[PDB]
Amino acid sequence: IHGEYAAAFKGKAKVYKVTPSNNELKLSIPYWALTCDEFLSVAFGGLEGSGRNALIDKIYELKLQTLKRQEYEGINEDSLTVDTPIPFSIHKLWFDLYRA
Amino acid sequence: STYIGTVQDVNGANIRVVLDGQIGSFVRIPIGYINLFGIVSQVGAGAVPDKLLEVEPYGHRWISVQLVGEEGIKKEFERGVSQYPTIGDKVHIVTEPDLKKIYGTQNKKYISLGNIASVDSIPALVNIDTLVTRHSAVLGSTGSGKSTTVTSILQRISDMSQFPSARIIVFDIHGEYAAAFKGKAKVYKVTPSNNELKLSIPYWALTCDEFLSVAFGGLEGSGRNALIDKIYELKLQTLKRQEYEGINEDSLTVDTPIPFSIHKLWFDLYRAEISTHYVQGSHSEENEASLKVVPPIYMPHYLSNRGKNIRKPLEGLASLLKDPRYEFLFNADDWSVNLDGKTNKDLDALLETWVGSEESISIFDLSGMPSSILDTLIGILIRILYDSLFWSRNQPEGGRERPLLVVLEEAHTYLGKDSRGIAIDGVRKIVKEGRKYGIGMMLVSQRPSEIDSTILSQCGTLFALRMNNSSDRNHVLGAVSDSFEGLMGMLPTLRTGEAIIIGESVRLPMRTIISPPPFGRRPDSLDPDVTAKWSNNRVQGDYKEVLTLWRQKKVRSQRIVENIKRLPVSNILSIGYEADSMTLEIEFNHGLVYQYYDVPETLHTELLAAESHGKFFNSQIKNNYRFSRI
Ligand SMILES: Nc1ncnc2c1ncn2[C@@H]1O[C@H](COP(=O)(O)OP(=O)(O)OP(O)(O)=S)[C@@H](O)[C@H]1O
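Q: A description of the interface of chain A and chain B should follow, citing residues and the corresponding values.
A: The partner chain B presents 10 residues to the 12 residues of chain A that form the contact. Taken together, the two surfaces of chain A and chain B that pack against each other cover about 1100 Å², and 52% of this comes from carbon and sulfur. At the boundary of chain A and chain B, one finds one salt bridge. Across the pair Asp-78 of chain A and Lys-292 of chain B runs a salt bridge whose closest N-O atoms are separated by 3.1 Å.

Right, here's the structure in full:
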């Protein structure tokens, strides 16, 4: 967490971080690679009422819309649960829900 | 004639002797006709009396006599002494005949398990009825005998010639005991194998509380009562449709095991929570606008008025029915409950499989079990058996005419002084009341300090292996019914394997070396070997599959071969091969079966003619082809 090991391994490590460098890649944690409970906690800081209830309905819709629109082997409309890491657009979620 | 010293000053109990022998060794003191044996744990260095030391602080040749028992009139050796040693008595070393007779017995009830340290020729006899009635436990350091001793006990006690109708059960979390009993024991696991059944616990074999304590986390609202209400009609509805003997509507209790389909409840319960209502205020299901879980879509919101704030558990429960890790519970293959609630069988077969099998041992390896709900399940397994034997004590298959012996692995994580689970309450109940129902108890744990103080004390006999930490020793040393200052000062230095047996299951507490079981019959756990599995050179892994398995929640690839035959031959046992798909099947010891893919059969012929198995297989197959082990 202090980022004090990258100096030890000159060319034996693959150091990831926030600020990209000449040869050190940038740590990337795809936001759609998260389970439903964790995603709500990281972004919204914790919803309890209808908002927590409503968002999941929106997440379910989008991950359904992507599946009908693209092929993922094995997953169907019955085998799909909200925490299957299938990509969806956060921008569409915020924009549509907020615009409406 | 190793004369050491003779008594010269008797002051009631703290005798004194003037002089002219292992620590845990008895002593011989003949008095006229009766021989006195006991543990003189104080001799020499610590035995020198502080009072007289000022005269000669340079020697330690004093012994204080306080016996354990006396030899009868040519009959036997029994605890207590009718007289105490006096002036003129001389102490010798005990002899082999004395050891034979002191530990010897004419009673067939006892059983020989281990051997004494002095001369292994002596067999260590231990009661079997006390062992199964007065309860017991095994303690020791993580590097001590522990699991190697318990297997020896169960293997000796489970001998068919002497006990053709033994009946015991074992709980293992690492699955480390199956290998010791290759084909002598019924071993059930979650991930089934070729010769292993499914360790299945029908969820409807639970009381309302236990069921509410696994799939809901302890709902504490008005909605909680509704589930108890909701299950009641479902369990009531099944009673009307299918007739069961002995129970009617009047005496129905929500905690009685009557079959019900958990599928129906959620589909009915959740559906009534969200749905469009054609007529405002109409809660009937006919105003809304089954084989598969897929719920039909509905128009946007009115909302059904028959619902509550249990929306989160409902969506929480549905998830628990999806993942295959719980398939042992909610999708019991034969005990799968249909839509109408009628199952294929009843629990009698389940009990028959668990305990009614002709084999003595029953093993439930829980390694693959999720660790979050392990404790809850343990309480479930103890509870069900008791009510099976408590209501069948008079019947000829109960615990009175066929006593049980439940064995628990690493109990100390479930007998916490402040534990609030179901295992401790279930275990405590057996200890208090299982006595007269023929239900024993053996506990295994590497850290008794966490075990509840009350629960540990009532244990009959304790097998005390080596203990290093000073916290556990004192805790055990305080819960010993018949303990000796000569035998318990040695606990933290016992060599591996050997244990100490103390309690009411033996005439005397003795330090025995439990006999190791035959090689090839030992408790083994097949954990990955990093040193061997990292030493091999790199391979271009194909991570595209690792994602599909993770997404699909499966563990088997689509590229597996099932109907390939095998023929018997480092220690290669069996091998297959197929030119149709160039798939090679290989089998080694311990049931390990790989399948190396994309392999020409030219090597197959070479391997058969190589006649150099073990040293030649690794030459061109170990790290040269893609394999998906099975
Ligand atoms: N009678 C014995 N003679 C020689 N070695 C023994 C004997 N008993 C045990 N051992 C050795 O010491 C090891 C102790 O480890 P285990 O037998 O696996 O027991 P444990 O690990 O303490 O208990 P768990 O339930 O597996 S954590 C054994 O694997 C043996 O190598």
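Q: Describe a nonpolar patch on the surface, and please don't skip the residues or the numbers.
A: All names here are of chain A. A contiguous nonpolar patch, built from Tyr-16, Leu-25, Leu-27 and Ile-29 and spanning about 420 Å² of accessible area, is present on the exposed surface. Of note, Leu-25 is situated in the segment before α1 (36–44). A residue is classified by how much of its surface remains accessible, and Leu-25, at 46% relative accessible area, is partly exposed.

Q: Talk me through the sheet that holds strand β15 (residues 439–445) of chain B; I want residue IDs and the actual numbers.
A: Residues and elements named next belong to chain B. What the 12 strands build is an open sheet, ordered β8-β7-β18-β17-β16-β9-β15-β14-β10-β13-β11-β12; its pairing is mixed. A strand with exactly one partner marks an edge of an open sheet, and here the two such strands are β8 (123–126) and β12 (197–198). Relative to strand β16 (residues 461–464), strand β9 (residues 136–139) is paired through four bridges, and the arrangement is parallel. In the sheet register, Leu-139 faces β16, and the bridge partner there is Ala-464.

Q: Describe in detail the site of the ligand, supporting the description with residues and values.
A: All names here are of chain B. Near the ligand the following residues occur: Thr-142, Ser-144, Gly-145, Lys-146, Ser-147, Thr-148, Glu-176, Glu-409, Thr-496, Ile-514 and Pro-516. Note that an oxygen atom of the ligand is positioned 3.0 Å from one of the backbone N or O atoms of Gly-145. One nitrogen or oxygen atom from the side chain of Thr-148 is found 2.3 Å from an oxygen atom belonging to the ligand. Protein contact buries 63% of the 640 Å² of open area that the ligand shows by itself.

Q: Give me the nonpolar core: which residues, what numbers.
A: Residue and element names in this part refer to chain B. Among the nonpolar cores identified, the biggest contains 97 residues, and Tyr-203, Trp-354 and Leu-415 are the most heavily contacted of them. Element by element, the count of residues in this core is highest for helix α10 (residues 374–390), at 10 residues. Dropping the residues within four chain positions of it, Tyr-203 is found in contact with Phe-211, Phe-260, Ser-261, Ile-262, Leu-329, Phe-330 and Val-337. Grouped together as the second largest cluster of nonpolar side chains are 31 residues, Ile-128, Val-132, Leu-154 and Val-506 included.

Q: I'd like a description of the pattern of salt bridges, backed by residues and values.
A: Residues and elements named next belong to chain B. According to the stated counting rule, one finds 13 salt bridges over all chains in the structure shown. Where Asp-482 meets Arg-79, a salt bridge forms, and the shortest distance between an N and an O atom there is 2.7 Å. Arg-79 sits in the partly exposed class, given a relative accessible area of 37%. The residue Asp-425 makes a salt bridge to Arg-428 at a minimum N-O spacing of 2.8 Å. Of the two residues, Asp-425 and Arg-428 both sit in helix α11 (residues 423–433), three residues apart, roughly one turn of that helix.

Conventions we followed
- Residues numbered from 1 in each chain as written, not as in the entry; some residues may be left out.
- Chains lettered and ligands numbered in written order.
- Part of a larger assembly, values for the part shown.
- Heavy atoms only, no water.
- Residues with missing side-chain atoms left out of burial classes, pairs and counts.
- Contact = heavy atoms within 4.5 Å.
- Buried area = accessible area lost by both parts, 1.4 Å probe.
- Salt bridge = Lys/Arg side-chain N within 4 Å of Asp/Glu carboxyl O.
- Patch = residues over 30% accessible without salt bridge, like charges linked within 9 Å, V, L, I, M, F, W, Y side chains within 5 Å.
- Areas by Shrake-Rupley, 256 points an atom, 1.4 Å probe, with all protein chains shown as cover.
- Helix = DSSP H or I, 4+ residues; strand = E, 2+ residues; numbered from the N terminus.
- Buried < 20%, exposed > 50% of the residue type's maximum accessible area, 1.4 Å probe, protein only.
- Pairing = 2+ DSSP bridges.
- Near = heavy atom within 4 Å.
- Polar contact = N/O pair within 3.5 Å; in protein donor to acceptor, adjacent residues only side chain to side chain.
- Core = buried A, V, L, I, M, F, W, Y, C linked by side-chain atoms within 4.5 Å.

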